[PDB]
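Geometric and topological summary
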Amino acid sequence: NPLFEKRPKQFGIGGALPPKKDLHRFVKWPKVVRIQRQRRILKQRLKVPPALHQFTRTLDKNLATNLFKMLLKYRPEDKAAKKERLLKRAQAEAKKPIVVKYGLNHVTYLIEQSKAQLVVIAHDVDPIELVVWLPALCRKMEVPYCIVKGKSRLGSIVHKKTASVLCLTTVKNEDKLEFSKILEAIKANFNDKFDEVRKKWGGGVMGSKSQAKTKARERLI
Amino acid sequence: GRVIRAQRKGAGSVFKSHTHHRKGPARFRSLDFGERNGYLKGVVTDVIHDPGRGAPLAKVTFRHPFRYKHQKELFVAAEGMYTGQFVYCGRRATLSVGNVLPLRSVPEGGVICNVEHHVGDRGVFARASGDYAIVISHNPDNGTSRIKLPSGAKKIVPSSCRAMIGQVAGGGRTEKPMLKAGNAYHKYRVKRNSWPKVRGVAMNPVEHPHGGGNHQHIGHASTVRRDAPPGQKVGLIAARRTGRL
Amino acid sequence: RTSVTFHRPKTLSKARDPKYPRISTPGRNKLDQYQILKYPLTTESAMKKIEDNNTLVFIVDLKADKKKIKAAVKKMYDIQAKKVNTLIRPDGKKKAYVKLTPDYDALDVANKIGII
RNA sequence: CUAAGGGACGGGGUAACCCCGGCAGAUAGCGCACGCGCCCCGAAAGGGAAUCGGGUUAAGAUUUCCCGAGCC
RNA sequence: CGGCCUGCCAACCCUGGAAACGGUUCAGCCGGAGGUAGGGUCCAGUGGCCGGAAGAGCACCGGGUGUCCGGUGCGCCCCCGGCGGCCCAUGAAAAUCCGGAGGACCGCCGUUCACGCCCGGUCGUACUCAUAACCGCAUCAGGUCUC
RNA sequence: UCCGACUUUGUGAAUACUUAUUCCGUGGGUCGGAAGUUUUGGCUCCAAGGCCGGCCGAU
Ligand SMILES: [K+]
Ligand SMILES: [K+]
Ligand SMILES: [K+]
Ligand SMILES: [K+]
Ligand SMILES: [K+]
Ligand SMILES: [K+]
Ligand SMILES: [K+]
Ligand SMILES: [Mg+2]
Ligand SMILES: [Mg+2]
Ligand SMILES: [Mg+2]
Ligand SMILES: [Mg+2]
Ligand SMILES: [Mg+2]
Ligand SMILES: [Mg+2]
Ligand SMILES: [Mg+2]
Ligand SMILES: [Mg+2]
Ligand SMILES: [Mg+2]
Ligand SMILES: [Mg+2]
Ligand SMILES: [Mg+2]
Ligand SMILES: [Mg+2]
Ligand SMILES: [Mg+2]
Ligand SMILES: [Mg+2]
């Protein structure tokens, strides 16, 4: 159709008005968004002491998905299941269960009692002083431990939100071999390295623009 | 004693500036991408009088860089500007009177006015009628420029600071004798409550350090320390010398 | 985010559905017709308006506006007011001039009320 | 309705009474899901929807009632 | 208030092409960036005629008669117009109203037209405003903003 | 009001850094790295077009 034709627009400085662009990185966010984004940047720039920098080293993705698929086997009963078990006992009028243990006070008690076989620590406990000493206590008591991403993920296993620490004291005989293979990998990390870990600071990363303008100054030599 | 007149002006009660008939702040358009990298054309629509300001102002209309809207500006008019004239602002603007340029684009010896002190200041220096700054030298390492201010002081400014080419319009204003108390009354009527000044020697000691006596005389040196308290700091303040050389 | 300006987003808000009523008394019209129309005026000036301009003068409530007045005379005397002129007297009371429409005779209405 | 100006949400100060309004704070909404987005008070001499002539009382109406004729 | 006419002083339009320069004010000033001239458009009026409206009002005679025709101006008051001068002085804002650019969208649907129908809240409103209604202890030779 | 100490106050090289702090600007509207409009006092927005709601046009 000869009537149809192109009508291009040249988008110069004094040219046609520009179309809508993303403009996402130039958005002026609410004060709550700005404060949380600056908090992440400040923690990147400031030298992080080793006892805090150690929570940066988290369990591997393959190991984490193995451990959590095994932690799902030992979930505590939900409210409905506990109610049903109460009714079933009442009909007669049991057995020792094997479930994950949780709660910082309870997990801490088990470790000092030398009953913890595996300790799982969340990496994002907002008052970090709650669990910052935990890897030292587990290593001192010879207890395998790891740091995994997500307190909310740990909370989901125990039907809560933000469990912040999980403990395994007993495992089923059907899982003795699988639990042992898991255990040695968690020991190779996080426990045998604890001594060398206690000396790594790692907190002085600058911004991308600051990095690029130092690389240029380094290349001008 | 009582609070002296020099102290009472800081309360700003009757000493606030008279601004009821002023046309708005005179300044460059806010620095943006088009000015930072190219040029933008505006047209002068009016040359108007601003009460209390000796220099005429120029009304300029631009097209908004990304909105379908007009953009109206108002800055100090350089001498020679006229209505219906195209002015250009930005890095690639030509060195012509009335254009707004970064200092990096103005060679040594150029006459400039409304010079920014910080990049994006919209003009801080050489704004009174008949005044201008001179570009002295350029430093490419630090990216700074040296300009000469109307008072004679040298100043170091970033080379990205903007200035208008030319001198401010309305020069020669103060060469004409006022001749009358009434002409002085009209001048300061649209500025501030300051004009009729009573001499401190014509006062009582309760009102001024110079007051009192059986003859009108200061009675002590009129040169005063830089660190004197308010109420005491009157006369010639921190003077390095006095008299007529 | 085509805008560099953030605006508060539009959020759902529900209406009030209380679990108990704050007021349980129904609420009765205390400004009824008997409060609106207190009594007619019977002064010599007020009686002139009856046969000269088909007008009845009433003492009315301070809270009664012109719309309530014409509705009140209709529900009290079954007559239609053409217009109502009101004033507040220097004694503080409100006085209404109620002109009846043609086909209503104020003298007959004045006889039924008892003011003549 | 706005003028000079006054009060005032948040925020800041302050032992509290109270003192601070540009310091920008998701600004509390507007058109047709979609689109847009730069508080009030303050003048019966400032700005401003629309009325005229004649008559009438002891006392009103220098345009309010009556007659007639218009307007917003 | 409505209709028709008129159309000031400026402003604008068309034709045409100016020195031997002309036009022109009390003063200015204007013209090849188009004068003088000729012919027109618009603008405002508190201008004219008609309707309103003589039936009103007024003046006379006892229902009746009349309510008409001109002239003048460095006159006075108000308003408007259009010039000139003055400023190191350039002499409010907002509500409100009108117009315009664009043309997405739309057909038996559009209509800012005429005529027609309904409605119009609250508060103030008397009187004095001064040698007696306000302040000065008073019915005080004072003081108190206007047409 | 000037002046000194401590506090705010951190990091690394033989004076440098930037995130604390401070100041300035904007309706936070093209920042960092790489790749590949001077026109006469006029108008300029809500994309034509191409290829499969989607991408380019608009790195
Ligand atoms: K004092
Ligand atoms: K003065
Ligand atoms: K003097
Ligand atoms: K003295
Ligand atoms: K008013
Ligand atoms: K009255
Ligand atoms: K008197
Ligand atoms: Mg004396
Ligand atoms: Mg003294
Ligand atoms: Mg009334
Ligand atoms: Mg308002
Ligand atoms: Mg104000
Ligand atoms: Mg407060
Ligand atoms: Mg008001
Ligand atoms: Mg008024
Ligand atoms: Mg009267
Ligand atoms: Mg002619
Ligand atoms: Mg007539
Ligand atoms: Mg007659
Ligand atoms: Mg007069
Ligand atoms: Mg059109």
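Residues numbered from 1 in each chain as written, not as in the entry; some residues may be left out. Chains lettered and ligands numbered in written order. Part of a larger assembly, values for the part shown. Heavy atoms only, no water. Residues with missing side-chain atoms left out of burial classes, pairs and counts.

- Per the PDB record, this model was obtained through cryo-EM at a reported resolution of 2.84 Å.

1. Some thoughts on the environment of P97 of chain A
- With respect to the helices and strands, the residue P97 of chain A is situated in the loop between helix 4 (79-92) and strand 1 (101-102).
- Between the alpha carbons of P97 of chain A and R139 of chain A there is a distance of 27 Å; along the sequence they are 42 residues apart. (Helix = DSSP H or I, 4+ residues; strand = E, 2+ residues; numbered from the N terminus.)

2. A word on the protein's contact with RNA strand D
- Around RNA strand D lies a shell of 18 residues, among which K20 and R34 of chain A together with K10, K83 and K99 of chain C are the nearest.
- A breakdown of the atoms of RNA strand D within 4 Å of the protein gives sugar and phosphate a share of 55%.
- In this structure, a sugar or linking oxygen belonging to RNA strand D sits 3.0 Å away from a side-chain N or O atom of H7 of chain C.
- Counting only elements with at least two residues in the surface near RNA strand D, the list comes to helix 1 (31-45) of chain A together with helix 2 (44-53) and strand 3 (81-88) of chain C.
- Grouping the amino acids of the surface near RNA strand D by side-chain chemistry returns 5 nonpolar, 5 polar and 8 charged. (Near = heavy atom within 4 Å. Polar contact = N/O pair within 3.5 Å; in protein donor to acceptor, adjacent residues only side chain to side chain. Nonpolar A, V, L, I, M, F, W, Y, C, P; charged D, E, K, R; others polar.)

3. Remarks on the side chain of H53 of chain A
Residues and elements named next belong to chain A.
- Mapping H53 onto the fold places it in helix 2 (residues 50-53).
- Taking the relative accessible area as the measure of exposure, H53 reaches 14% and is therefore buried.
- In contact with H53, not counting residues within four places along its chain, are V48, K200, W201 and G202. (Buried < 20%, exposed > 50% of the residue type's maximum accessible area, 1.4 Å probe, protein only. Contact = heavy atoms within 4.5 Å.)

4. Regarding the packing of aromatic side chains
- This model, assessed by the stated rule, comprises 6 aromatic pairs over all chains.
- Taking the centre distance of 5.8 Å and the plane angle of 75° together, the rings of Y39 of chain B and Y88 of chain B count as edge-to-face. One end of the pair, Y39 of chain B, is in the loop between helix 2 (33-37) and strand 1 (40-48); the other, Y88 of chain B, is in strand 4 (residues 86-89), and 49 residues separate them in sequence.
- For the ring pair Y185 of chain B and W195 of chain B, a centre distance of 6.3 Å and an interplane angle of 65° mean the geometry is edge-to-face. Of this pair, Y185 of chain B sits in helix 3 (residues 181-189) while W195 of chain B sits in the loop between helix 3 and strand 11 (223-224), and the two are 10 residues apart along the sequence.
- Judged by relative accessible area, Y185 of chain B falls into the partly exposed class, the value being 43%.
- The ring of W201 of chain A has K47 of chain A sitting right over it, with the charged end atom 4.1 Å from the ring centre.
- Residue placement shows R153 of chain A over the ring face of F68 of chain A; its charged tip is 4.0 Å from the ring centre. (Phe/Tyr/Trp six-rings, centres within 6.5 Å; stacked < 30°, edge-to-face > 60°. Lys NZ or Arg CZ within 6 Å of the ring centre and 35° of its normal.)

5. Focus on the sheet that holds strand 4 (residues 165-168) of chain A
All names here are of chain A.
- What the 4 strands build is an open sheet, ordered 1-4-2-3; its pairing is mixed. The sheet terminates laterally at strand 1 and strand 3 (145-148), the two strands that pair on one side only.
- Note that strand 2 (residues 118-122) and strand 3 share 4 bridges and pair parallel. Bridge pairing in strand 3 places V119 opposite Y145.
- Running at roughly 60° to strand 2, helix 8 (residues 176-188) makes contact with strand 2, strand 3 and strand 4 of the sheet. (Pairing = 2+ DSSP bridges. Axes fitted to C-alpha atoms, helices over the stretch in contact; angles between N-to-C directions.)

6. Here's the deal with the UniProt feature "domain: Large ribosomal subunit protein uL2 C-terminal" (unreviewed entry) in chain B
- Per the UniProt record, the feature "domain: Large ribosomal subunit protein uL2 C-terminal" (unreviewed entry) sits at residues 95-230 of chain B.
- Taken as a whole, residues 95-230 of chain B contains 7% helix and 21% strand, while its terminal C-alpha atoms sit 48 Å from one another. (UniProt positions renumbered as here; feature names shortened; annotations may be inferred.)

7. A closer look at the state of the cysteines
All names here are of chain A.
- With the rule as written, the count across this model stands at 0 disulfides over all chains.
- Not engaged in a disulfide, the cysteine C138 finds its nearest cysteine sulfur in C167; these two sulfurs lie 8.2 Å apart.
- Just so you know, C146 is unpaired, no disulfide at all, and the nearest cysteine sulfur is the one on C138, 9.5 Å from it.
- Residue classification places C146 among the buried residues on the basis of a relative accessible area of 0%. (Disulfide = S-S within 2.5 Å.)

8. Some words on the interface of chain C and chain A
- The partner chain A presents 10 residues to the 5 residues of chain C that form the contact.
- Here chain C meets chain A over a buried area of about 650 Å², counting both sides, of which 65% is carbon and sulfur.
- The largest per-residue losses of area from chain C upon contact with chain A belong to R1, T2 and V4 of chain C, which jointly make up 77% of the total buried on that side.
- Linking chain C with chain A are 0 salt bridges, by the criterion used here.
- Taken together, chain C and chain A are joined by 1 residue pair in polar contact.
- Grouping the amino acids of the side of chain C that touches chain A by side-chain chemistry returns 2 nonpolar, 2 polar and 1 charged. (Buried area = accessible area lost by both parts, 1.4 Å probe. Salt bridge = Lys/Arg side-chain N within 4 Å of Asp/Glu carboxyl O.)

9. Overview of the pattern of salt bridges
- Scanning the entire structure with this criterion turns up 15 salt bridges over all chains.
- Residues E142 of chain A and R139 of chain A are paired through a salt bridge, measuring 3.7 Å at the closest nitrogen-oxygen approach.
- Taking the relative accessible area as the measure of exposure, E142 of chain A reaches 51% and is therefore exposed.
- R2 of chain B is the partner of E207 of chain B in a salt bridge, and the nearest nitrogen-oxygen pair spans 3.5 Å. Here the residue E207 of chain B occupies a position in the loop between helix 3 and strand 11, and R2 of chain B occupies one in the segment before helix 1 (5-8), the gap between them amounting to 205 residues.
- On the basis of relative accessibility, which here comes to 22%, the residue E207 of chain B falls in the partly exposed class.

10. Some points on unusual backbone geometry
- A positive phi is found at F190 of chain A, a non-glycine position, where the angle reads about 70°.
- Note on placement: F190 of chain A falls in the loop between helix 8 and helix 9 (194-197).
- Given the relative accessible area of 11%, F190 of chain A is considered buried.
- In this model, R122 of chain B sits at a positive phi of 75°, which is unusual for a non-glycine residue.
- Here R122 of chain B shows up in the loop between strand 6 (111-113) and strand 7 (133-139).
- On the basis of relative accessible area, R122 of chain B is assigned to the buried category, the value being 18%.

11. Quick word on the protein's contact with RNA strand F
- Near RNA strand F, the surroundings consist of 49 residues, among which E5 and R45 of chain A, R63 and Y68 of chain B together with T5 of chain C are the closest.
- Residue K9 of chain A places a side-chain N or O atom 2.7 Å away from a phosphate oxygen belonging to RNA strand F.
- At 3.3 Å from a base nitrogen of RNA strand F is found a main-chain nitrogen or oxygen belonging to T45 of chain B.
- Where the surface near RNA strand F is concerned, the elements lending two or more residues are helix 1 and helix 10 (208-219) of chain A together with helix 2, strand 1 and strand 4 of chain B.
- Along the lines of polarity and charge, the residues of the surface near RNA strand F split into 20 nonpolar, 12 polar and 17 charged.

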